[PDB]
Amino acid sequence: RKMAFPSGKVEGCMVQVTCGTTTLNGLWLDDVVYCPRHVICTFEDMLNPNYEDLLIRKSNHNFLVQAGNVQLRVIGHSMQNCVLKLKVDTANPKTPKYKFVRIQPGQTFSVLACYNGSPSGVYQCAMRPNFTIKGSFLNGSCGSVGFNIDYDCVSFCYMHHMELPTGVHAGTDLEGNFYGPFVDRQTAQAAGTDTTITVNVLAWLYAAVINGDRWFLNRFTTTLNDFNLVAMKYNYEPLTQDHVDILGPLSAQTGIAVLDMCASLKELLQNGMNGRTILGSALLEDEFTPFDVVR
Amino acid sequence: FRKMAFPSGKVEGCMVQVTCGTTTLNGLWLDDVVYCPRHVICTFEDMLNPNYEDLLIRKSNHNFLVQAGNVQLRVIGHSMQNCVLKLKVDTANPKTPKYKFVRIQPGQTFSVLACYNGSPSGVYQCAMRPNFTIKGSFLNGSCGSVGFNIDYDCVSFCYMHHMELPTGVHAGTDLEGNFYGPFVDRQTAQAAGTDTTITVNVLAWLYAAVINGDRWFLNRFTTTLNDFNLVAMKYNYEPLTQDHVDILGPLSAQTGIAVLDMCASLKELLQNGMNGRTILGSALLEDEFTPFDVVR
Ligand SMILES: CC(C)(C)[C@H](NC(=O)C(F)(F)F)C(=O)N1C[C@H]2[C@@H]([C@H]1C(=O)N[C@H](C=N)C[C@@H]1CCNC1=O)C2(C)C
Ligand SMILES: CC(C)(C)[C@H](NC(=O)C(F)(F)F)C(=O)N1C[C@H]2[C@@H]([C@H]1C(=O)N[C@H](C=N)C[C@@H]1CCNC1=O)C2(C)C
């Protein structure tokens, strides 16, 4: 199963931020609430917001921050890229051990979808090669965050800002820098063409070998370049030498050389599954990383 | 449309580690009682044919080591209720949520908090299969992991994990120790029955596809409960009941597609196949969303 991380450590950080008539979620860590800067927009500002002008007109008391039933007093504010940082007078007693990290396409994380500062659901995600997320976000979901948890340390990697016309989602890291070529502005924007994460499919095939299945193996091999020439005809990401190195330990563990597994994937794309499933799917799954597979 | 689990925090604060001799698993700590599978009192030899009454009479409180993180909880009483062991402990859990023990029906969904060594590892959303198994991911030491639903404030515990069947699917009990399915907590040959697809859930997920963008599968045709159920029997789909039709009413009202109309869509989807056409994204027809789930 594609598992999300247990969400408790993040649930204790979610709050509600309202400015004017706009309400969204904030992330309360220590004495700072992080939230998307378009909370300071009215709907007449969405098309062409001048955020520096909108923000200089705000005072601390314009920001209503609510953690459950308690209002938090905002005592300062600043803007870092596309996020607003609200200094509050109380440090969150539920702040976990945490860091901010920027992820790269192909990497996975869990999303805690929230509305009105209250958590609604959690699911596991991958950042697509085109820097979008295939999320489940509705109105009021901004400021929901993505995260990993390693040894009780929560690494925040994503904050939600918008939905693109194909139904996919775009946001920032926790320093307010967008993933991909998007802007927090309601103007015509489109996700680039989305490709399958090849190194993740290969890792997952290795996962199936470690488990019971071998039905999809074959006796062929391939050069790296012949693999890429074929796979790109199926909208698969090109496989780099870094990707090959990364699979090395799984190759070691199964005794199947990386380019032999590449030959298997080539044949799977050519043939489909013929009514079979790998692990539990009838799809070539690309939201498990090689790092995930060892764990 | 993602298959989302409930936020797990209220449950994470209840997970403890329970060790009896050389056997270690997970326990659920609520107020001053720890609940866990009774086979924790078994050696990896008792498991073959245990007499649980006998093994429990031979146990004392000092046979049970319970650990909530860094803290050892002192067991001051033990009893058994069906297939679960109840260890009364020194201390009430200060993190006990509002909670209820409930028994669910095949086809209903819940979230699982997978745990190892009393420590939560991950969370995911499940359905109780018609053959009463769970298609989970559970490894050695996962026993005592629980499944749950949350309504507002209240945690409804519905599943406790006990075993893995040879198909790689899973079987457990409700919180009162009653098994789901024709299984026993004994290491002997048992097998999952022939499974089926949860028809009312597929229909719900098609309504979600309509609510969302996808409408290609819609057609002018309709069917009967009787005609559909013989299509169902042929394809290992759970038979569709008049109660299923009724609870799909909200979605039939919301989208304008009557259930026997959507059944014609489902019937044709199960014969044309899907024509390399995708629905939400799935190649197959998803049956792990309830009508309730889709409404929410
Ligand atoms: C989809 C919409 C056409 C409305 C617009 N999209 C584009 O402008 C784009 F196409 F360019 F991306 C859009 O998302 N926004 C408009 C406006 C913000 C944002 C927004 O409303 N954010 C949400 C947070 N509570 C969550 C969204 C709502 C629906 N589902 C989500 O995830 C800003 C980009 C400042
Ligand atoms: C799979 C195994 C052959 C070991 C056996 N299965 C069957 O005996 C059956 F086929 F009959 F079901 C089985 O599960 N057990 C043997 C024995 C308990 C149990 C058990 O070890 N439970 C684990 C709890 N930590 C979780 C399991 C472990 C691996 N993955 C899981 O989920 C009892 C039924 C008393």
Side-chain angles (χ1 to χ4, degrees), chain A residues 1-16 23-27 68 108-126 133 135-149 154 156-163 167-169 171 287, chain B residues 1-13 97 104 108-114 120-127 136-137 146-151 153-159 201 204-205 207-209 211-212 280-282 286-295:
Chain A
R1 287 252 187 195
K2 203 182 307 176
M3 298 209 251
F5 285 101
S7 62
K9 281 171 179 61
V10 180
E11 289 165 57
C13 303
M14 299 311 304
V15 304
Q16 185 176 40
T23 289
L24 47 66
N25 310 285
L27 182 71
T108 51
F109 56 94
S110 301
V111 170
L112 178 66
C114 303
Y115 299 90
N116 301 295
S118 74
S120 162
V122 64
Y123 59 92
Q124 180 76 344
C125 262
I133 291 315
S136 266
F137 289 123
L138 308 169
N139 287 326
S141 60
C142 290
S144 299
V145 295
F147 62 97
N148 289 274
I149 304 186
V154 184
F156 294 103
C157 58
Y158 179 84
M159 177 171 282
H160 190 54
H161 290 244
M162 67 204 303
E163 190 174 293
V168 296
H169 295 104
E287 292 206 323
Chain B
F1 215 65
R2 288 254 177 205
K3 201 180 306 165
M4 292 198 315
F6 288 100
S8 58
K10 284 159 185 293
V11 181
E12 292 165 51
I104 56 166
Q108 298 190 284
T109 53
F110 57 100
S111 296
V112 170
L113 182 64
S121 162
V123 68
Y124 59 91
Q125 180 81 353
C126 269
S137 280
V146 301
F148 62 99
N149 282 265
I150 304 176
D151 180 19
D153 218 1
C154 194
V155 179
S156 285
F157 294 106
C158 59
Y159 179 86
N201 284 5
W205 176 78
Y207 279 103
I211 285 178
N212 205 237
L280 266 152
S282 204
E286 178 63 56
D287 81 336
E288 274 199 333
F289 289 97
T290 70
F292 203 110
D293 291 344
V294 170
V295 183

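Computed from heavy atoms alone, side chains included, the values below leave out hydrogens, waters and symmetry copies. Below, chain A is the first sequence line, B the second, and so on; all start at residue 1.
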Chemist: Under the 3.5 angstrom rule, does the side chain of A/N25 hit a backbone N or O of A/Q16 as a donor-acceptor pair?
Modeler: no
Chemist: Using the six-membered ring wherever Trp is involved, compare the ring planes of B/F148 and B/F6 and label them parallel, tilted or perpendicular (cut-offs 30° and 60°).
Modeler: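 The arrangement is tilted - the two ring planes meet at 30° to 60°.
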Chemist: Do any N or O atoms from the side chain of A/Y115 and from the backbone of A/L138 form a donor-acceptor pair under 3.5 angstrom?
Modeler: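 Yes: the side chain of A/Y115 pairs with the backbone of A/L138.
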Chemist: For the side chain of B/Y124 and the backbone of B/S137, is there at least one donor-acceptor N/O pair under 3.5 Å apart?
Modeler: yes
Chemist: Using the side chain to side chain contact (heavy atoms under 4.5 Å, CB included) rule, take B/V112 and A/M3 through it: C-alpha gap first, then chi angles, then the decisive distance, then the call.
Modeler: CA-CA 10 Å; B/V112 170; A/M3 298 209 251; over 6 Å; no
Chemist: If you define the side chain from C-beta out and look only at heavy atoms, does anything of A/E163 sit under 4.5 Å from A/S141?
Modeler: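 No - every pair of side-chain heavy atoms lies 4.5 Å or more apart.
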Chemist: Checking A/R1 side chain against B/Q125 main chain: does a donor-acceptor pair fall under 3.5 Å?
Modeler: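 It does hold such a pair.
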Chemist: Per the side-chain hydrogen bond (donor to acceptor under 3.5 Å, both in side chains) rule, which among B/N149, B/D293, B/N201 passes with B/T109?
Modeler: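 For B/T109, the side-chain hydrogen bond (donor to acceptor under 3.5 Å, both in side chains) check succeeds only for B/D293.
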Chemist: Taking all heavy atoms of A/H161 and all of A/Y158, pick out the closest pair and write down the distance.
Modeler: N-OH, 4.5 Å
Chemist: Of the non-hydrogen atoms in B/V123 and B/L113, which two are nearest, and what is the gap between them?
Modeler: CB-CD1, 4.2 Å
Chemist: State, to 0.1 Å, how close A/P6 and A/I149 come at their nearest heavy-atom pair, and which atoms those are.
Modeler: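 Nearest heavy atoms, A/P6 then A/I149: O-CD1, 3.4 Å.
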Chemist: How about B/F289 and B/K3: do any of their side-chain heavy atoms sit closer than 4.5 Å?
Modeler: yes
Chemist: Closest approach of A/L24 and A/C142, non-hydrogen atoms and distance?
Modeler: CB-O, 3.6 Å
Chemist: Can you see which heavy atom on A/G143 is nearest to which on A/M14, and at what distance?
Modeler: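 Nearest pair, atom of A/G143 first, then A/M14: O-CE, 3.7 Å.
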Chemist: Locate the shortest heavy-atom distance separating A/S144 from A/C114; write the atom from each residue and the value.
Modeler: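 Looking at all heavy atoms of both residues, the closest pair is OG-N, 2.9 Å.
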Chemist: Of all residues at least two apart in sequence or in a different chain, which pass the side-chain hydrogen bond (donor to acceptor under 3.5 Å, both in side chains) check with B/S8?
Modeler: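 Partners of B/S8 by the side-chain hydrogen bond (donor to acceptor under 3.5 Å, both in side chains) criterion, ordered by chain and then number, come out as B/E12.
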Chemist: Rounded to the nearest 0.5 Å, how far apart are SG of B/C158 and CZ of B/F110?
Modeler: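 Nearest 0.5 Å value for the SG-CZ distance: 5.0 Å.
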Chemist: Between A/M159 and A/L27, is there a side-chain heavy-atom distance shorter than 4.5 Å?
Modeler: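 A side-chain contact exists here, since the closest heavy-atom pair is under 4.5 Å.
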